[PDB]
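In terms of our numbering, the sequence shown is numbered consecutively and its last residue is 71. All remarks here apply to the structure that follows.
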Amino acid sequence: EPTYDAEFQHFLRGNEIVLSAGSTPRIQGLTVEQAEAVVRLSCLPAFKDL
């Protein structure tokens, strides 16, 4: 199995990722909190097209 260290680091300290001013776009069917979560977690290469 790979290290999965990037995935686990994101799982633990995901909210601590500093977003750019209003870097969170609006996604249909997703509250603003969910949109922020999607924006933060899209930094992972696996979730680029999320």
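Note that CB positions come from ideal geometry on N, CA and C, so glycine has one too.
| Query | Result |
| --- | --- |
| For the pair the segment 40-52 and the segment 23-30, tell me if three or more CB-CB distances fall below 8 angstroms. | no |
| Hey, quick one: how far does the alpha helix (DSSP H) through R47 stretch, first residue to last? | First-last for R47: undefined, no H or E at that position. |
| For the alpha helix (DSSP H) holding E57, just list the boundary residues, first then last. | 53-62 |
| Would you call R34 buried or exposed, if buried means 16 or more other Cβ atoms sit within 10 Å of its Cβ? | exposed |
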